[PDB]
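Asker:
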Amino acid sequence: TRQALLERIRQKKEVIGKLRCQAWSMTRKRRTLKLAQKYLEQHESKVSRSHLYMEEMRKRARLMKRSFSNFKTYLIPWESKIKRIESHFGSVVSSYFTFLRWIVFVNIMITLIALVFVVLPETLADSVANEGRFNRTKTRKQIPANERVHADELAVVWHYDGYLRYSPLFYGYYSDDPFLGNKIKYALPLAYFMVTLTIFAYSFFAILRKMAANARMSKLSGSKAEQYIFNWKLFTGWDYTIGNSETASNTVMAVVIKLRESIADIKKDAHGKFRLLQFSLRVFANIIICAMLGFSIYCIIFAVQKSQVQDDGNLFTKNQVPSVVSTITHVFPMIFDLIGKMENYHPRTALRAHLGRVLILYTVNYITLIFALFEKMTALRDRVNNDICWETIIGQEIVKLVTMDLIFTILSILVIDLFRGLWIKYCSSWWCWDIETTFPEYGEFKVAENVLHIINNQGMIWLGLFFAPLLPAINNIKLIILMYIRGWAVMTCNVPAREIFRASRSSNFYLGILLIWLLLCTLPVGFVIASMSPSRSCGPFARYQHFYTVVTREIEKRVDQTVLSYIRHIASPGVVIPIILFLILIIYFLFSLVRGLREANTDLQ
Amino acid sequence: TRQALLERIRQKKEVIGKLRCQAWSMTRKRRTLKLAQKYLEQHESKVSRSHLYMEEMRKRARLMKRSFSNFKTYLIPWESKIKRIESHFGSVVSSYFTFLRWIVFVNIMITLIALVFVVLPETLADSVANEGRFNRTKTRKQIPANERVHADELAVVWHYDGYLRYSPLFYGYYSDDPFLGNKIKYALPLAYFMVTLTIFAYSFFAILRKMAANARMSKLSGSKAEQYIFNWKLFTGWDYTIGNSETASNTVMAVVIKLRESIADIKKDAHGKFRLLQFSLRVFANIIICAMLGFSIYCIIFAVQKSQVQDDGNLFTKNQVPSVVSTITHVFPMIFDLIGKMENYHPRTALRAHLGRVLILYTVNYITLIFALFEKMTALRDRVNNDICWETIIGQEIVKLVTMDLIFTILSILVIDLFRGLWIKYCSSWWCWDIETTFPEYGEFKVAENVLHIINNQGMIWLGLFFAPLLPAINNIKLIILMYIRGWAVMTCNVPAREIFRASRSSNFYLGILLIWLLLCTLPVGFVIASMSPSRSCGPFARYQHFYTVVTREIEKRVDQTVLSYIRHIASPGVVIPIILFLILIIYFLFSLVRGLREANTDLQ
Amino acid sequence: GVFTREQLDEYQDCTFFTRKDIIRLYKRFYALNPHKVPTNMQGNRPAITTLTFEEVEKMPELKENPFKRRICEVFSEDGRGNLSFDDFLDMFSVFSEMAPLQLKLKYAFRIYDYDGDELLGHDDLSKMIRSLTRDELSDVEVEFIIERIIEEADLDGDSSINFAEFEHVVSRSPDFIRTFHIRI
Amino acid sequence: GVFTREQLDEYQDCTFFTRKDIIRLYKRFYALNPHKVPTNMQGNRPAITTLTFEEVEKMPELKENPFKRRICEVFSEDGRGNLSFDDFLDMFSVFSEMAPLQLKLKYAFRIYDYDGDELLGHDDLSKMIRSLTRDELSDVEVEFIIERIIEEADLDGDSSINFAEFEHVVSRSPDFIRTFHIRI
Amino acid sequence: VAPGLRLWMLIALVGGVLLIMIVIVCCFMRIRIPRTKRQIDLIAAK
Amino acid sequence: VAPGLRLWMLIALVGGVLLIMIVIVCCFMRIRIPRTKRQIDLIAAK
Ligand SMILES: CC(C)CCC[C@@H](C)[C@H]1CC[C@H]2[C@@H]3CC=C4C[C@@H](O)CC[C@]4(C)[C@H]3CC[C@]12C
Ligand SMILES: CC(C)CCC[C@@H](C)[C@H]1CC[C@H]2[C@@H]3CC=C4C[C@@H](O)CC[C@]4(C)[C@H]3CC[C@]12C
Ligand SMILES: CCCCCCCCCCCCCCCC
Ligand SMILES: CCCCCCCCCCCCCCCC
Ligand SMILES: *[C@@H]1O[C@H](CO)[C@@H](O)[C@H](O)[C@H]1NC(C)=O
Ligand SMILES: *[C@@H]1O[C@H](CO)[C@@H](O)[C@H](O)[C@H]1NC(C)=O
Ligand SMILES: CCCCCCCCCCCC
Ligand SMILES: CCCCCCCCCCCC
Ligand SMILES: [Ca+2]
Ligand SMILES: [Ca+2]
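As you go down the protein sequences, you meet chains B, A, E, C, D and F in turn. Just so we're aligned: the first sequence equals residues 75 to 459, 664 to 883 in PDB author numbering. Just so we're aligned: the second sequence equals residues 75 to 459, 664 to 883 in PDB author numbering. Just so we're aligned: the third sequence equals residues 18 to 201 in PDB author numbering. Just so we're aligned: the fourth sequence equals residues 18 to 201 in PDB author numbering. Just so we're aligned: the fifth sequence equals residues 18 to 63 in PDB author numbering. Just so we're aligned: the sixth sequence equals residues 18 to 63 in PDB author numbering.
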């Protein structure tokens with residue numbers, strides 16, 4: 075009796091919930107919706123009180139969720155911009171802009187987290203500081219009269235010295251007082267530590283949630299695919315977003331070309347050729363590429379080393395590491411592509427090799443930059459012993679790197695896209711060779727390189743946000759400027775590519791690279807927190823021998839010593855190492871198990 | 075030309091390789107085999123020299139593998155025994171015996187590993203010791219004249235004192251000389267450390283290889299199953315191994331049962347009932363079970379504590395911890411089953427609950443035993459400071679536990695199976711109640727409990743093989759005796775169960791439990807090696823401040839100090855902890871991803 | 018506001034849209050032809066307010082689509098050669114990015130079939146290839162392409178793909194949900 | 018030794034057995050009936066050395082099997098109601114534990130079908146149920162069981178399971194490779 | 018023969034030889050204690 | 018107005034106002050530098 079009524083109510087509710095995902099006309103959908111609604115209305119009296127309350131609160135929650143979604147849609151920006159870019163250039167060009175907008179949202183969330191709990195309480199405490207205060211923090215929040223005059227030198231400002239050094243943007247500006255004041259008792263050093271931890275935790279959580287949403291629904295059925303060449307190139311051969319005439323003609327030509335070499339390659343199936351000249355060229359290219367990578371390492375190390383001055387001896391030569399890093403990052407991919415063109419591989423394998431080389435260059439440069447910066451900081455601290667502020671200095675280095683990267687990206691957009699396009703338009707009639715159809719054709723969008731730029735910049739932000747609390751706040755403006763300049767450049771100066779390939783034809787490729795970068799960037803921060811010791815005249819951790827002490831000092835205030843000593847044996851090397859080895863072995867064997875299961879899932883279908 | 079010839083040769087070779095896995099008559103199989111052989115013989119001249127050499131060495135390797143398999147089959151024991159047990163009792167009873175035979179093979183491999191590289195070199199060095207030797211090792215290999223008389227007391231021998239203490243069976247017997255002798259230069263402490271590491275590595279490798287072989291082939295298609303009740307209970311309702319009349323009739327009755335309550339349950343689909351008496355009985359059972367678990371913990375702790383004597387004050391009371399542990403392990407499951415019978419659950423959920431409670435009891439008892447032993451060893455070492667030998671003492675404790683477990687298993691087999699069966703046969707005519715059909719029906723095999731006994735014993739062997747090198751050698755005899763006694767008991771005293779259920783109907787359930795036990799047992803050995811310090815008058819590590827030093831002392835002999843200091847920063851807490859957290863997060867999210875993929879694999883079929 | 022709420026709740030329950038999307042699509046529909054679309058649109062008017070196929074195909078999102086006629090025909094109401102507001106909402110809720118893979122696959126199959134017999138015949142394949150390519154491939158090339166597609170996408174030997182095999186073969190394409198998308 | 022090697026290589030290439038298994042099975046076959054099996058068995062004699070169905074069904078591993086007749090019939094050679102050494106080797110190489118899941122599934126399907134039309138009809142299901150149960154379930158119970166099995170195991174609406182659906186449904190059983198096993 | 022230093026070896030030797038004899042005896046025998054269900058039903062019917 | 022302490026602010030202000038004016042100008046404009054492939058083919062044919 076009651077069981078059948080409950081089952082019928084559940085079935086009707088399930089039908090109502092999944093109503094939109096069915097291919098019915100609006101009249102049929104309305105008919106089914108009204109029928110189920112009347113059924114539920116007449117059957118609501120059959121269930122007990124608990125079921126009635128459960129259904130009522132579920133309906134209230136659904137109504138609140140719908141209202142929240144309706145209000146949230148009003149605040150999504152850059153809808154028409156991405157719509158126009160999609161219509162003109164395609165759906166693989168607009169992937170970069172959707173990725174950038176998601177990155178903007180993540181950065182805004184990080185900014186709010188670091189602004190509600192750290193910057194705002196400190197500023198409010200500073201504004202109400204009495205005579206008793208303002209003297210314990212004068213050495214860190216007030217610029218000395220010795221250097222106050224030289225605060226505006228166009229080299230002090232460009233290096234974030236002067237007033238910016240004594241601004242909430244940097245670690246050393248924040249007081250180490252255990253409490254903000256009476257009647258409030260806000261622990262600011264604990265807020266600092268917890269906010270730095272929470273930002274990394276939320277970054278991991280958001281990246282993994284996006285990955286799960288994109289994999290469990292979008293590409294869940296996309297896995298375990300075998301062959302299916304012609305059907306893939308035909309049924310998914312037309313981009314439905316394109317609403318431009320020239321782009322449509324280009325797409326038609328691309329489909330024709332794809333099918334033509336598809337049948338051409340499937341026809342002969344004969345692959346016999348061996349030219350010593352081609353192999354020699356390939357090995358020469360692979361050698362010169364490694365030579366350029368080594369040159370990049372040596373240049374980065376030299377640039378870091380030569381900036382050995384801390385006092386204002388000279389500033390036209392101190393600012394060379396951000397310039398060198400930006401120049402390498404923004405120029406070497408072009409040479410990589412030139413060498414790949416000389417190599418003469420298949421376009422897909424050439425693109426994959428270029429992406430792999432760019433990724434290797436980026437990772438190697440980032441690693442050597444971290445090692446050089448850490449060695450420089452260690453040497454400076456050793457030579458120091664008026665104590666220096668290595669955290670504020672590291673924050674300044676990262677902020678300068680980010681700013682110079684923005685400047686170089688703007689210059690690259692202005693030169694490669696705008697000026698080259700103008701030169702081709704107004705000078706191809708009488709040039710020595712036909713540039714309009716030659717190697718510098720007209721300019722094209724590079725989705726993968728630009729996404730790697732975004733990922734590298736976000737890694738730089740994650741690395742240095744512990745020392746520069748307002749680095750995500752600056753990154754917000756940088757990302758907004760980047761979105762606008764990229765949109766304008768692609769709309770005005772670029773032409774749609776004849777055919778553009780994808781690295782793995784997945785949306786989680788870049789998310790996975792971003793997650794790997796997040797791990798790579800959280801390792802040195804954890805090492806700094808666990809190993810290095812704070813400065814005694816800087817920041818909120820100036821009263822402790824380690825960065826984590828402010829946490830443990832409060833853990834020991836509630837936990838006994840005996841149980842703490844018992845727990846402290848879980849961090850033994852002889853317990854961690856077998857656990858790490860077990861995780862490695864289980865991952866290695868589960869890898870083969872999962873690959874076999876995925877391969878056999880399609881076979882059993 | 076050559077490509078087509080190579081493709082045809084490869085196809086013919088693939089057909090020959092997969093010939094047995096096709097359902098053809100032997101005439102057809104012979105025809106195809108001869109045709110392909112003649113084709114390959116006539117086509118071998120078309121390929122180049124490299125392909126010819128590759129095929130020739132592949133054929134030679136295949137012939138050697140076939141000859142090795144033919145020779146290996148001759149050495150597999152207990153074929154007829156397991157065949158008879160399978161014919162009489164079924165294919166779920168014989169799973170225990172196949173598992174035990176595999177465990178015997180693994181233990182024999184471990185014995186050979188620990189016997190070739192440790193015991194034999196030491197014995198050979200001892201037998202050829204000159205006047206210069208035999209004095210540095212007399213304090214550990216020769217029983218003192220003070221205690222030589224009292225070596226045979228039936229309590230000194232029963233506790234593995236006397237000559238057994240000064241035997242290769244224990245850690246303290248082995249000399250700490252860096253080299254066995256001249257013209258050979260065999261490092262025995264390094265052999266000891268490497269053998270202890272290799273045994274655990276090989277145990278992990280063998281368990282994981284067995285798990286992979288059972289999952290990638292047997293149960294690969296067995297995953298992603300949904301409902302299919304009647305077809306499972308009908309097409310897999312007959313055990314094809316059974317060749318006994320009474321067992322066949324029992325199986326027919328069991329199938330009729332299964333089908334009858336299958337249709338009965340699927341018919342009504344009505345589940346409405348709530349008796350306060352039944353719920354009170356269930357909660358009382360769950361409370362008394364936890365009370366018995368707490369009693370087990372308290373008894374184990376008291377038994378370990380009360381054995382506080384090291385000198386021979388009394389030995390009729392020192393040997394109580396192995397007796398207490400064995401009594402708990404071998405008696406508490408019976409009470410668990412009695413309380414489960416009182417609980418009156420469904421047979422499958424009752425069996426699952428009983429298995430879970432037994433597993434919890436075993437794990438809790440093992441953990442508290444380890445903690446009590448470690449605390450006792452720490453207290454003894456603290457009170458000592664003629665230095666005591668805590669490693670040999672721990673080895674003695676583990677060996678005594680294993681021996682008493684064997685004795686208790688033999689007694690349980692003799693009482694529960696033999697004497698109960700004789701009593702029922704010769705006394706059911708005139709008893710007060712019909713015992714032959716009542717609660718003690720006639721006796722049945724318990725596959726899960728016996729497999730858990732095997733797993734627990736192997737965990738005890740893994741835990742104490744670092745301190746007792748010849749513990750696997752003793753376990754060989756113990757396992758052979760167990761196989762013979764279990765086979766005889768099941769053949770003579772037990773009756774086939776009316777219907778016997780399985781925990782998860784998988785062969786990798788017990789292997790997974792064994793792997794978890796291996797991890798649980800390698801954790802404290804690693805902790806001992808990393809944290810604890812050796813004895814200065816015992817074993818091969820008496821010249822070092824740690825157990826691992828003999829390894830690192832040789833690593834520092836080939837690696838520079840600067841690079842070693844650079845490497846020593848990988849073991850920072852601030853690098854390990856983020857890595858552990860990242861592995862935890864990736865496992866948690868990949869769990870949902872894998873569960874969704876497995877669920878959708880069947881849907882997409 | 019101007020419109021009754023109950024219509025908006027019904028549209029949200031049936032489609033993937035919110036109130037802002039409904040209002041924007043209504044403004045676009047009115048701007049398509051202000052003469053045939055009244056300002057106040059309360060009641061059963063959405064079922065009777067109708068536009069021809071030319072006006073809907075005139076829009077930029079559909080103008081360059083080779084299958085614009087098929088897209089207009091699949092979502093068409095009972096009236097032939099006509100599209101109403103409900104048809105507009107169906108078309109732009111199916112095509113949106115938030116739509117699930119199953120709906121996209123099913124409506125793509127319905128679009129790619131011209132006769133409408135739930136079977137992807139040889140003539141439908143040839144017509145759609147010649148529509149996508151604009152008669153640039155040779156006849157022999159088209160025949161070869163259709164032969165290969167039939168060989169690698171037909172399992173029952175019917176020489177005509179159906180819903181099941183089409184869904185099995187193109188739902189594992191990593192470019193289908195990226196391509197089959199219209200933003201509006 | 019006594020036998021030519023080439024026969025042993027052929028048997029190992031065709032079956033799952035080794036030389037010891039071949040020799041043991043030859044001894045068992047000879048002990049089944051020494052009069053109809055010669056000592057020296059070189060050449061085409063295994064194809065002509067034969068035994069009846071009763072002798073093979075007398076063996077303990079097959080005596081209690083309800084489908085002993087079906088097992089003997091499936092592996093039978095061109096001759097009807099007879100089994101040769103090659104049939105013996107087929108039977109005991111298919112049934113062994115080392116056999117793959119596919120071979121076990123295929124030969125189990127061939128065993129469970131009495132008519133032999135590659136289709137699991139209703140009469141085959143009823144006959145096999147009554148053979149397994151020994152006529153203890155009621156007729157209504159048998160009809161109900163067959164109806165549920167058809168409902169949950171037939172997807173084409175043919176009221177008769179075939180190779181594909183049977184293999185799909187009973188290959189995910191965690192008790193099939195454990196049950197479908199004969200040790201010898 | 019001291020009870021605590023020589024008697025237990027004699028007892029162990031006697032027990033070991035008796036155990037070996039018993040094991041060898043039960044090696045060439047096929048005892049089967051429980052009776053089949055048919056015999057149990059016949060006894061119950063009486 | 019020292020060149021190193023007051024001139025650069027004036028230069029930056031001039032550059033900033035010029036940049037704002039340029040951005041606003043290019044905000045209400047729809048420039049498109051490259052020519053379509055039809056025009057390129059027509060020019061090549063001449
Ligand atoms: C909630 C999400 C956004 C994370 C925000 C950071 C959290 C973890 C931080 C920010 C501010 C912190 C609080 C700051 C001050 C106090 C008062 C005192 O009793 C010590 C602990 C306590 C209560 C801190 C607990 C941790 C805290 C709440
Ligand atoms: C190979 C498998 C079975 C593992 C066996 C244990 C291995 C790792 C052990 C056992 C014996 C050990 C060797 C014993 C003696 C020597 C001589 C000297 O130069 C030190 C190292 C060296 C060469 C040891 C290296 C490690 C070693 C080879
Ligand atoms: C494949 C990338 C090639 C990029 C080539 C960029 C050329 C930039 C030339 C800039 C010319 C500016 C002056 C124009 C004079 C009319
Ligand atoms: C459910 C397990 C019950 C186990 C009961 C074991 C009873 C053992 C009785 C032993 C009797 C031995 C003396 C026989 C006298 C004829
Ligand atoms: C402010 O700082 C000065 C530094 O000399 C100190 O003398 C004074 O006491 C401080 N403020 C107070 C508490 O008056
Ligand atoms: C043997 O040990 C004795 C102990 O006193 C020692 O004196 C003697 O030197 C040793 N052997 C040798 C080297 O003679
Ligand atoms: C430095 C020479 C290139 C090294 C990196 C090559 C990466 C290739 C990636 C291919 C992935 C399929
Ligand atoms: C101590 C009361 C029992 C606690 C353990 C119960 C384990 C149940 C396992 C069920 C697995 C499906
Ligand atoms: Ca058709
Ligand atoms: Ca049939």
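Just so you know, even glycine gets a beta-carbon here, dropped at the ideal spot from N, CA and C.
According to DSSP, is residue 35(E) part of a helix, a strand, or is it coil?
Answerer: Residue state, collapsed to three classes: coil.
Asker: Hey, does residue 770(A) have any beta-carbon neighbour from chain D nearer than 8 Å?
Answerer: Closer than 8 Å to some Cβ of chain D, the Cβ of residue 770(A) qualifies, so yes.
Asker: Please list, in chain order, all residues of the same chain as residue 395(B) whose beta carbon is under 7 Å from its beta carbon, the five residues on each side excluded.
Answerer: Same-chain partners within the cutoff: 377, 378 and 381.
Asker: Near ligand 8, which residues have their beta-carbon less than 7 Å from any of its heavy atoms, given in chain order?
Answerer: Any residue whose Cβ sits closer than 7 Å to a heavy atom of ligand 8 makes the list: 360(A), 363(A), 364(A), 367(A), 426(A), 427(A), 430(A), 431(A) and 434(A).
Asker: For residue 173(B), which of 764(B), 125(B), 146(B) and 81(B) has the nearest alpha-carbon?
Answerer: The shortest C-alpha separation from residue 173(B) is found at 764(B).
Asker: Are the CB atoms of residue 627(A) and residue 780(A) nearer to each other than 8 Å?
Answerer: It's not possible to place residue 627(A) here, given that chain A moves directly from 459 to 664.
Asker: Report yes or no: do three or more beta-carbon pairs, one from the segment 167-175 of chain E and one from the segment 276-289 of chain B, lie closer than 8 Å?
Answerer: Counting Cβ pairs under 8 Å, fewer than three are found: no touch.
Asker: Start and end of the alpha helix (DSSP H) containing residue 68(E)?
Answerer: From DSSP, residue 68(E) is part of no alpha helix (DSSP H) but of the beta strand (DSSP E) over 67-69.
Asker: If distances are taken between C-alpha atoms only, which option among 856(A), 353(A) and 123(A) comes closest to residue 416(A)?
Answerer: Checked all of 856(A), 353(A) and 123(A); the closest Cα to residue 416(A) is 353(A).
Asker: Give every residue of the same chain whose Cβ lies closer than 8 Å to the Cβ of residue 714(B), excluding the five residues on either side of it in the sequence, and list them in chain order.
Answerer: Closer than 8 Å at Cβ, skipping near neighbours: 702, 706 and 720.
Asker: Looking at the C-beta of residue 13(C), does it have a partner C-beta in chain A at a distance below 8 Å?
Answerer: With chain C represented from 18 up to 201, any question about residue 13(C) goes unanswered, as that position is not in the structure.
Asker: Where does residue 209(A) sit, in a helix, a strand or coil, going by DSSP?
Answerer: Of the three classes helix, strand and coil, the one that applies to residue 209(A) here is coil, per DSSP.
Asker: Assuming residue 252(B) contacts residue 819(B) (C-beta within less than 8 Å), just tell me the rounded distance between them.
Answerer: Not quite, the Cβ-Cβ distance comes to about 11 Å (not below 8 Å), so this is no contact.
Asker: Strictly under 8 Å for the Cβ-Cβ distance: is residue 186(E) near chain B by that measure?
Answerer: True, the Cβ-Cβ gap to chain B drops below 8 Å.
Asker: What is the residue span of the beta strand (DSSP E) that residue 101(E) lies within?
Answerer: Here the beta strand (DSSP E) through residue 101(E) covers 99-101.
Asker: Kindly identify the DSSP beta-bridge partner or partners of residue 178(C).
Answerer: Paired residue(s): 137(C).
Asker: Answer yes or no: does any C-beta atom of chain B fall closer than 8 Å to that of residue 263(A)?
Answerer: No, residue 263(A) lies away from the interface with chain B (no Cβ there is under 8 Å from its Cβ).
Asker: Could you list which residues in chain B have their beta carbon closer than 8 Å to that of residue 50(F), in chain order?
Answerer: Ordered by position in chain B, the residues that pass the 8 Å Cβ test against residue 50(F) are 696, 699, 700, 703, 770 and 771.
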